[PDB]
Amino acid sequence: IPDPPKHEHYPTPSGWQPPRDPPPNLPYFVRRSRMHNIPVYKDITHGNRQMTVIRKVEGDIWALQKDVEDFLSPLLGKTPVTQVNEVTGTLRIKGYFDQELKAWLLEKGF
Amino acid sequence: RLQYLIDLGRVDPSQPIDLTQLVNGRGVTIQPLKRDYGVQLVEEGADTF
Amino acid sequence: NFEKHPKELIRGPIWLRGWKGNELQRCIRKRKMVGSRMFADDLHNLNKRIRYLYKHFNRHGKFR
Amino acid sequence: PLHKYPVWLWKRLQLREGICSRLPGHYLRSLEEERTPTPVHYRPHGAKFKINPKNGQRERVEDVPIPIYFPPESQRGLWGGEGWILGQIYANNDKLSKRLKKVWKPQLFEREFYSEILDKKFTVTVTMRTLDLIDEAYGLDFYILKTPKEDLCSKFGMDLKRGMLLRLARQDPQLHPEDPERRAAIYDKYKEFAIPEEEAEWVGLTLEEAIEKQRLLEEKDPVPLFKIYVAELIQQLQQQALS
Amino acid sequence: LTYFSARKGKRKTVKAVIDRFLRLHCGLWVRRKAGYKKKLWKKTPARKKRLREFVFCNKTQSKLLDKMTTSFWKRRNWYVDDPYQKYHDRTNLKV
Amino acid sequence: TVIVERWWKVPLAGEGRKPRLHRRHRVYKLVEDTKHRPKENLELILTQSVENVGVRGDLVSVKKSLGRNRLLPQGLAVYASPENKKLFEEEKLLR
RNA sequence: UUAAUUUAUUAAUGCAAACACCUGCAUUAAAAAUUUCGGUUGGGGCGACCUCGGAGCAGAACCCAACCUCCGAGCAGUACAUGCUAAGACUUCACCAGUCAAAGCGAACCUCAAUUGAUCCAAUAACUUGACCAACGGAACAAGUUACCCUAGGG
RNA sequence: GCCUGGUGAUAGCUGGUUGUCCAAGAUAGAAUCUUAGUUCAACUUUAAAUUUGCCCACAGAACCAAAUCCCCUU
RNA sequence: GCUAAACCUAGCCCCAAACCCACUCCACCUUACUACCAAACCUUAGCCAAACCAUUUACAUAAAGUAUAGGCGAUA
Ligand SMILES: [Mg+2]
Ligand SMILES: [Mg+2]
Ligand SMILES: [Mg+2]
Ligand SMILES: [Mg+2]
Ligand SMILES: [Mg+2]
Ligand SMILES: [Mg+2]
Ligand SMILES: [Mg+2]
Ligand SMILES: [Mg+2]
Ligand SMILES: [Mg+2]
Ligand SMILES: [Mg+2]
Ligand SMILES: [Mg+2]
């Protein structure tokens with residue numbers, strides 16, 4: 001799959017935007033996908049479990065769980081109920097917050 | 001979708017975009033069995049194109 | 001460089017190299033792949049097994 | 001276990017093993033062939049493709065032939081490409097009635113013919129379709145020399161064919177003795193079907209009858225080893241004579 | 001139904017089901033009402049208006065119809081000028 | 001001859017295969033019997049002064065019974081082939 | 001067997017084919033052949049019944065049985081906007097069917113309780129129409145009997 | 001008749017279904033050649049999502065007894 | 001402490017590969033195993049399923065359980 005071409009200004013008309021150089025000095029890091037998109041996926045199960053997955057998380061997932069939990073709790077009032085999977089390196093939040101986490105992770109520089 | 005493919009280098013707009021170029025960029029999966037007769041353009045995303 | 005699949009590494013009956021099925025499917029596949037040169041009463045036993053296993057999977061059980 | 005070869009090849013293998021493999025190639029070709037007969041008991045379709053009315057899409061059509069049964073009297077006489085039709089009917093042409101079985105027999109006629117090549121009147125049981133094909137061929141000699149073995153489908157018609165073809169293959173003076181002009185006129189009328197004599201003997205032989213003919217060709221009294229040893233020893237004394 | 005065919009060893013669809021029902025991609029089966037073209041002379045126009053409707057199916061009717069067809073019938077279909085195409089995706093459910 | 005037609009249609013076989021039949025493909029329907037058709041005349045050239053049907057050299061169309069029973073055995077007529085119509089055009093050119 | 005379905009089999013006719021037999025197509029007989037003989041039931045049988053509605057049982061939201069007690073129904077009449085659409089509801093304890101309906105467009109300026117029948121198939125250019133399918137959720141069409149009965153079971 | 005085969009015939013019927021330990025768990029019905037059975041429902045079970053459930057007070061529910069429905073508080 | 005108990009290895013199964021066999025002498029289709037005299041082919045049917053049964057009911061991959069057929073139902 002090709003490297004995306006260098007554009008003049010960002011974001012691109014589709015809203016794509018490359019990861020920034022240098023990588024930010026957070027404790028954690030999130031990769032991109034094959035397709036250079038930031039990896040926050042929605043996920044339904046049982047027909048009513050709406051949830052969202054941050055997936056290629058490399059580093060300290062517990063800092064990422066603290067920062068996500070600090071980011072979403074004004075949008076909910078309560079702390080969001082999450083689950084880190086330290087093995088695979090995912091983080092799983094309950095309820096759809098895909099657009100907010102994609103925008104948020106673009107702000108963070110990943 | 002097509003602006004998205006052009007931005008990420010997957011479809012080169014400085015050449016003609018036939019159906020082979022949308023398949024090789026893997027922008028559109030079309031299957032001739034199951035009687036797809038090809039692509040239809042769709043007006044979604046006309047503003048911001 | 002993808003010049004062979006791993007399923008071309010397995011040796012066995014010709015009707016189940018790189019193929020997995022339940023028993024009715026193993027019998028159907030064996031009959032259509034090798035059944036023409038099967039022995040007479042083996043072919044006959046196998047026809048009766050497909051006929052039995054047909055009548056079992058399709059008409060008997062708990063879940064439907 | 002399994003056989004090495006499928007069972008429907010077994011017959012074919014027997015045509016390579018023993019007595020069958022020494023048969024002439026033009027005979028074994030005439031057994032291996034599988035061309036279809038002319039439809040007699042069913043309308044053929046027109047073409048390969050056909051637009052059906054129900055969905056208006058062109059769909060390919062084959063025409064599956066009806067199985068014909070030939071009682072052995074059909075091989076004693078000349079029927080057409082035809083025989084009995086052993087089948088079933090629904091009782092009053094609706095599928096919701098009794099399926100009950102039917103045999104369709106053709107209409108037979110003892111007629112009589114005159115083969116000009118063999119020069120003989122035969123009394124043959126024949127059908128109306130055979131008489132029609134004789135008329136379309138312009139004579140029983142042409143009807144027999146033109147029709148394919150498969151299509152003709154009589155052992156007797158094939159024996160007539162071997163008779164006529166050996167008569168043409170030899171240019172026989174026994175057709176009309178003491179009338180050579182009539183012989184040359186008859187032989188030039190059917191000049192189209194000239195076959196060599198080495199091929200015209202094997203025409204219309206069944207496989208068992210060809211096995212017999214080939215068995216009588218290559219049967220010999222064995223050579224007494226006296227003569228073989230004399231040949232070898234006079235060979236050796238003629239090698240010593242030239243030393 | 002036939003769970004394993006004798007030729008392929010696959011499931012088969014019941015073709016009565018296809019002949020009477022319409023599977024929308026979200027999982028809803030649409031049907032026609034029974035008797036919508038019978039004895040119209042003795043039905044009130046309210047009732048005739050009720051019978052000429054495309055009526056959705058039950059949950060268990062829906063699962064019974066899913067089990068009686070195969071995955072070919074459960075598939076996205078991008079037809080040209082499809083009348084039912086705006087009814088495939090399910091808008092604005094809150095479960 | 002008796003032409004039949006199968007009731008139950010045969011699934012088509014392909015190009016290098018034979019159609020494998022079932023016991024329901026043995027159920028035929030009588031589409032035609034050829035003997036009950038309008039009967040045709042055949043063309044013969046008479047080669048004698050035969051009765052009122054014609055004179056010498058003249059090609060006519062006879063009932064099949066008279067043609068096959070009385071004319072063609074007895075050498076009264078020859079078939080209307082493209083071989084002997086030549087010979088009898090050339091016989092008519094020598095009068 | 002005068003139950004239902006056949007006439008493949010014979011035997012006759014009749015018509016075609018052919019120049020009486022044979023073949024083809026009808027038709028009538030005999031000989032048979034295939035298949036069947038619903039349910040309720042103070043054990044079973046006779047009688048009676050099998051679907052829909054009203055009342056009592058079931059006194060006051062809903063529901064509630066019986067070979068329980070009493071009435072009924074299987075239409076008729078009027079109108080021809082008894083047009084078309086459409087929020088929201090009820091519902092015979094499922095489903096299927098049933099009911100009610102504002103707003104709207106178009107116009108004027110239905111009564112009765114029940115008053116009924118699915119799917120497939122037919123008929124029709126179309127709109128529509130089609131069962132005492134009353135065994136009334138209806139198998140497209142199948143009777144009596146066996147102390148000769150038989151088998152699997154139950155009392 | 002008997003034998004072999006189809007044949008592992010079919011059986012809504014009878015009989016039988018093999019380690020351990022814990023947990024949750026019983027009585028409306030409708031159709032059906034149906035009442036020795038099935039299908040749907042009701043009840044039951046697990047998993048999931050959410051927000052109310054149960055008990056109930058005044059008021060309220062028709063003309064021709066015991067109670068119930070409804071129902072905020074608690 | 002009797003009766004007993006134990007035991008591995010005859011062979012076999014499933015594949016693969018490969019196309020098998022068959023006159024020491026004598027006797028052997030008559031009452032086979034006896035030395036020797038005047039004619040073959042002709043639709044499988046049904047079980048079963050359809051909860052009866054009556055038409056019907058299966059006998060490489062992928063297209064595809066698609067087109068089709070079907071008491072338009074079981075099913076194919
Ligand atoms: Mg998912
Ligand atoms: Mg209800
Ligand atoms: Mg009934
Ligand atoms: Mg009923
Ligand atoms: Mg059993
Ligand atoms: Mg049963
Ligand atoms: Mg407990
Ligand atoms: Mg019934
Ligand atoms: Mg029962
Ligand atoms: Mg409340
Ligand atoms: Mg049955």
Side-chain angles (χ1 to χ4, degrees), chain A residues 45-50 94, chain B residues 32-35, chain C residues 11-15 17-19 28-29 31-33 37 47-52 54-56 58-59, chain D residues 1-5 9-10 13 52 54-55 57 59 67 69-72 84-92 94-109 127-128, chain E residues 1-2 5-8 10-16 19-20 33-35 37-51 58 60-61 64 69-72 94-95, chain F residues 2 8-9 11 22-24 26 30 33-36 39 65 69:
Chain A
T45 196
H46 296 83
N48 49 12
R49 274 268 262 257
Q50 303 176 350
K94 183 172 170 169
Chain B
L33 313 312
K34 296 305 163 298
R35 74 282 311 162
Chain C
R11 299 165 71 82
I14 189 195
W15 66 94
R17 284 170 180 159
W19 184 84
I28 285 170
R29 185 169 168 96
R31 179 170 67 179
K32 80 179 301 298
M33 281 190 66
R37 63 197 187 75
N47 285 334
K48 290 201 293 183
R49 184 99 255 244
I50 298 163
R51 206 176 305 129
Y52 174 75
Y54 178 89
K55 289 185 303 171
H56 173 76
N58 291 307
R59 301 172 185 181
Chain D
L2 291 174
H3 293 295
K4 165 71 156 165
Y5 293 134
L9 272 93
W10 278 1
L13 292 162
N52 57 343
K54 299 195 181 65
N55 45 359
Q57 300 285 318
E59 177 57 36
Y69 169 67
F70 295 108
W84 297 359
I85 298 168
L86 273 56
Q88 285 161 347
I89 339 154
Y90 295 118
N92 292 315
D94 54 337
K95 88 181 62 144
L96 257 61
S97 53
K98 287 303 180 66
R99 185 190 61 181
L100 81 170
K101 66 190 182 179
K102 185 71 179 284
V103 178
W104 281 286
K105 296 176 177 180
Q107 192 176 13
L108 302 183
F109 300 115
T127 66
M128 201 60 202
Chain E
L1 73 152
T2 297
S5 69
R7 302 291 201 106
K8 306 296 291 172
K10 291 182 183 171
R11 290 172 83 99
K12 289 197 168 182
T13 73
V14 177
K15 288 297 194 73
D19 219 335
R20 292 156 211 264
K33 292 197 74 71
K37 54 166 61 172
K38 294 219 64 60
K39 305 179 179 61
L40 285 187
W41 63 276
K42 57 161 71 169
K43 294 181 165 65
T44 182
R47 185 179 171 183
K48 286 150 71 170
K49 166 66 160 56
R50 284 193 286 273
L51 289 170
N58 202 353
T60 66
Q61 284 166 359
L64 189 266
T69 62
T70 60
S71 309
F72 177 75
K94 194 173 67 182
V95 176
Chain F
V2 178
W8 290 92
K9 69 189 299 187
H22 188 267
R23 70 180 291 181
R24 66 181 179 266
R26 180 70 77 165
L30 189 130
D33 198 354
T34 299
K35 78 183 72 171
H36 305 292
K39 63 188 175 183
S65 62
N69 289 118

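Quick note: numbers below take in every heavy atom, side chains included, and nothing from hydrogens, waters or symmetry partners. In what follows, chains are A, B, ... by sequence order, proteins preceding strands, each numbered from 1.
- Taking 4.0 angstrom as the limit, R59(C) places none of its side-chain polar atoms (N or O) nearer than this to OP1 or OP2 of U75(I).
- Across all strands shown, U145(G) has no partner, as no Watson-Crick or G-U wobble contact with both distances under 3.5 Å is found.
- Using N1 to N3 plus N6-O4 or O6-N4 for Watson-Crick, or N1-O2 and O6-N3 for G-U wobble, each under 3.5 Å, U44(H) pairs with nothing.
- Base-pair partner of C58(H): not found among the strands shown (Watson-Crick or G-U wobble, both distances under 3.5 Å).
- Of the candidate nucleotides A49(H), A64(I), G24(G), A64(I) has the atom nearest to the side chain of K34(B).
- Dashed line: the shortest gap from a side-chain N or O of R7(E) to OP1 or OP2 of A76(I) is not under 4.0 Å.
- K32(C) forms no cation-pi arrangement with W15(C), by the criterion of a distance under 6.0 Å to the ring centre and an angle within 45° of the ring axis.
- Contact detail for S97(D) and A91(D): the closest heavy-atom pair is OG-N, 3.2 Å.
- Of all nucleotides present, none satisfies the Watson-Crick or G-U wobble test against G106(G) with each distance under 3.5 Å.
- In this pair, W104(D) does not lay its aromatic ring on the base of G24(G); centres under 5.5 Å and planes under 30 degrees do not both hold.
- Each of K35(F) and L96(D) was assigned the nucleotide of RNA chain G with the nearest heavy atom; the assignment lying further toward the 5' end belongs to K35(F).
- Residue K42(E) contributes atom NZ, which lies 8 Å from atom P of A131(G) at whole-angstrom precision.
- The residue among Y54(C) and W10(D) whose nearest nucleotide of RNA chain I lies closer to the 5′ end is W10(D).
- Using atom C1' as the reference point in both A135(G) and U35(H), the two lie 16 Å apart (nearest Å).
- Mapped onto RNA chain I by nearest heavy atom, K101(D) and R35(B) fall at different nucleotides, with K101(D) at the one closer to the 5' end.
- Closest to the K43(E) side chain, of the nucleotides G65(I), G130(G), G98(G), is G98(G).
- Pairing for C68(G) goes to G56(G), judged as Watson-Crick or G-U wobble with the two contacts each under 3.5 Å.
- The partner of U27(G), taking Watson-Crick or G-U wobble pairs whose two distances both stay under 3.5 Å, is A12(G).
- Side-chain N/O atoms of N58(E) include none lying less than 4.0 angstrom from OP1 or OP2 on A94(G).
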